[PDB]
Amino acid sequence: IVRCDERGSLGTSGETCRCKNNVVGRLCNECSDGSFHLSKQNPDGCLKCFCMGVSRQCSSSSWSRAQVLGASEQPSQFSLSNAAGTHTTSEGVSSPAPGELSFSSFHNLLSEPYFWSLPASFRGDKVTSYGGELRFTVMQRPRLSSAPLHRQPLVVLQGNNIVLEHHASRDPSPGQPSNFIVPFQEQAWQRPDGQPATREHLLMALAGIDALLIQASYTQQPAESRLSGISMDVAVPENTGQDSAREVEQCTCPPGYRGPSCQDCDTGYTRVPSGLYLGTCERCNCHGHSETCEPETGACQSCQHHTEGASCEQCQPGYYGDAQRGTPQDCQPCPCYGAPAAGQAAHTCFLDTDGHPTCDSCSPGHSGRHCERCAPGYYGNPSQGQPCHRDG
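## What about the overall build of the protein chain?
Helix and strand counts for the protein chain come out as 1 helix and 32 strands. Here the C-alpha radius of gyration of the protein chain, 31 Å, is well above what a compact globule of 392 residues would show, namely 21 Å. Taken over 392 residues, the protein chain has a buried fraction of 43%. Per element, the accessible surface of the protein chain, about 20,400 Å² overall, is 47% carbon and sulfur. Across the protein chain, the centroid of the 27 positively charged side chains sits 8 Å from that of the 39 negatively charged ones.

Below, the structure written as structure tokens:
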């Protein structure tokens, strides 16, 4: 009899092994191409590499698990929001202990569900939260007359133009605390219309969290809402002593990408809004004046050769030429004489329609394209060195 792998088999015709979708091998104990992390709990056996669509080669991160705690954040940093985040406030939010939050001024709010809006340390790039959990305790009380709400999200995750929701199997009873454990796995999230989350979509939201919202109202007329014991799983490169983040994909990215899922443009590359996921990463457009730029916006950085602008497209003041040509000598020093008018920093001049510079920040009582003569009712010779003083 063959002993089929317990993590990877669906069953056994005693002499053959039947593998889950993403599993391969005689004993169904290997992940298929584009898969990683064999586990018994995964019905498909192995997760699929996603890698923001730019790679199919990945394996389990060996980052360690750690938690972001609510206690880590100033209570000032918590607030209430509607789902749309068009109505927010922290007026009334108080904290009786660190990481514990309390609210009881619903009279000041409109008649819609409000959420606790977790602060920044819970947002941004949380791809490594995949395969972990958001944990928390809530307690709620309605005003005397108030039915629960119907089908309301316990948690809303918003990132990268995706909204996913997690709905609780039970509502918290009035005036007693409930522990929730929300897994970062597709099975636990749906779109607002109630379509299942995909792995790809959960990852894209997690990679760019803009809001992470916990239900605070629960009923139509809430009296009181309290939040505590907030714990969000992540993964860090440092060893922490906790298990490694095996569900977190470590992709081999192509040139121009980094992050464990190729979610970031690498040094010398910037985001291009393309199609399907986050877009693609292309090389900086810096007119040859730079190799580094803002990964998301595109703005060039540390423009060389006396250039400036978002593409290093212009010569810095005190220089003239065509920075767009792309050579180191593109921009030349303005050949002006004397002091700049209204006592300026440097001298401005521009490349005139004749291929030669003209100075346009000449001092008063200067003249000519290089500020080299003196205006009428003035005297002196700047070329030789003297300034220009007025007549009498």
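## Comments concerning the sheet that holds strand β15 (residues 155–159)
The strand order across the open sheet formed by 6 strands is β10-β9-β13-β18-β15-β16, and the pairing between neighbours is antiparallel. Two strands in the sheet have a free side with no partner beyond their single neighbour: β10 (88–89) and β16 (162–166). Bridging between strand β9 (residues 79–81) and β10 involves 2 bridges; their strand directions are antiparallel. The residue of β10 that forms the bridge with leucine 80 is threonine 89.

## Some words on the pairing of strand β1 (residues 9–12)
Alignment of β1 against strand β2 (residues 17–19), held across 3 bridges, turns out to be antiparallel. Each bridged residue has a counterpart across the sheet, and for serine 9 the counterpart in β2 is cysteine 19. Taking the residues between adjacent antiparallel strands as the criterion, β1 and β2 are bridged by 4 residues, where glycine 14 takes a positive phi near 65°.

## So, helix α1 (residues 199–206)
Counting buried residues along α1, 6 of its 8 residues qualify, which places the element largely inside the surrounding structure. Within the span of α1, buried status applies to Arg199, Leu202, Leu203, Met204, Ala205 and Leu206. In the core, the buried residues of α1 are packed alongside β5 (35–36), β6 (47–48), β15, β16, β18 (209–215) and β20 (249–251).

## Section: the nonpolar core
By size, the foremost hydrophobic cluster in this structure holds 57 residues, and its most contacted members are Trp116, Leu134, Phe136, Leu157, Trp189 and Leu212. Residue contributions to this core peak at 5 residues, all from α1. If we skip the residues at most four places from it in the chain, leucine 134 touches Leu118, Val155, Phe180, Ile181, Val182, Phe184, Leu212, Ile230, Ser231 and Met232.

## Notes on the side chain of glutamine 140
The topology assignment puts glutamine 140 in strand β14 (residues 133–142). Judged by relative accessible area, which is 2%, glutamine 140 ranks as buried. Among the polar contacts listed, one links the side chain of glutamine 140 to the backbone oxygen of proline 172, at a separation of 2.8 Å. Beyond its immediate sequence surroundings of up to four residues, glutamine 140 is in contact with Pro172, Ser173, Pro174, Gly175, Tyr218, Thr219, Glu224 and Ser225.

## Let's talk about the packing of aromatic side chains
This structure, assessed with the given rule, holds 4 aromatic pairs. Plain terms: the ring middles of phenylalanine 184 and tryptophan 189 are 5.8 Å apart, the flat faces sit at 10° to each other, and that makes the pair stacked. Relative accessible area serves as the criterion here: at 0%, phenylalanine 184 is assigned to the buried category.

## A few points about the UniProt feature "disulfide bond" in the protein chain
Where 2.5 Å serves as the upper bound for a disulfide, the S to S distance of 2.1 Å between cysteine 31 and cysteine 46 confirms the link that UniProt reports. With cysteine 31 in strand β4 (residues 30–31) and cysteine 46 in the loop between β5 and β6, this residue pair connects regions lying 15 residues apart in the sequence.

## Focus: the domain arrangement of the protein chain
Domain boundaries assigned for the protein chain yield domain 1 (9–48), domain 2 (67–236), domain 3 (284–333) and domain 4 (335–392). A separation of 27 Å is found between the C-alpha centroids of domain 3 and domain 4. Listed per partner, the contact involves 7 residues of domain 3 and 8 residues of domain 4. Of the roughly 470 Å² buried at the junction of domain 3 and domain 4 (both faces included), carbon and sulfur atoms supply 71%.

## Regarding the state of the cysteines
Following the criterion strictly, the structure yields 15 disulfides and no others. Two residues share a disulfide in this structure: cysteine 336 and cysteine 359, whose sulfurs sit 2.1 Å from each other. Around the S-S axis, the bridge from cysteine 336 to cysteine 359 shows a dihedral of about -90° and counts as left-handed. Residue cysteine 336 is found in the loop between β28 (331–333) and β29 (349–351), and its partner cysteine 359 is found in strand β30 (residues 357–359); the two are separated by 23 residues along the sequence.

## Remarks on the pattern of salt bridges
Counted by the stated rule, this structure contains 15 salt bridges. In this structure, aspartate 266 engages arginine 258 in a salt bridge whose closest nitrogen and oxygen atoms are separated by 3.6 Å. One connected set of salt bridges, linked through shared partners, spans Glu100, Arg141, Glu224 and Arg226.

## Focus: unusual backbone geometry
Its identity as a non-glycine residue notwithstanding, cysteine 28 has a phi of 50°, on the positive side. Structurally, the position occupied by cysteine 28 is in the loop between β3 (23–24) and β4. With a relative accessible area of 0%, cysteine 28 lands in the buried category. Positive phi, close to 50°, is recorded for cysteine 312, a residue that is not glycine. With respect to the helices and strands, the residue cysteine 312 is situated in the loop between β25 (307–308) and β26 (314–315).

Quick notes on the rules
- Residues numbered from 1 in each chain as written, not as in the entry; some residues may be left out.
- Heavy atoms only, no water.
- Helix = DSSP H or I, 4+ residues; strand = E, 2+ residues; numbered from the N terminus.
- Rg over C-alpha atoms; globule rule 2.2 N^0.38 Å.
- Buried < 20%, exposed > 50% of the residue type's maximum accessible area, 1.4 Å probe, protein only.
- Areas by Shrake-Rupley, 256 points an atom, 1.4 Å probe, with all protein chains shown as cover.
- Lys, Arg positive; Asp, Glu negative; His and termini not counted.
- Charge placed at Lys NZ, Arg CZ, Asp CG, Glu CD.
- Pairing = 2+ DSSP bridges.
- Contact = heavy atoms within 4.5 Å.
- Core = buried A, V, L, I, M, F, W, Y, C linked by side-chain atoms within 4.5 Å.
- Polar contact = N/O pair within 3.5 Å; in protein donor to acceptor, adjacent residues only side chain to side chain.
- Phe/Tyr/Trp six-rings, centres within 6.5 Å; stacked < 30°, edge-to-face > 60°.
- Disulfide = S-S within 2.5 Å.
- UniProt positions renumbered as here; feature names shortened; annotations may be inferred.
- Domains from an automatic or database assignment.
- Buried area = accessible area lost by both parts, 1.4 Å probe.
- Salt bridge = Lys/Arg side-chain N within 4 Å of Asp/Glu carboxyl O.

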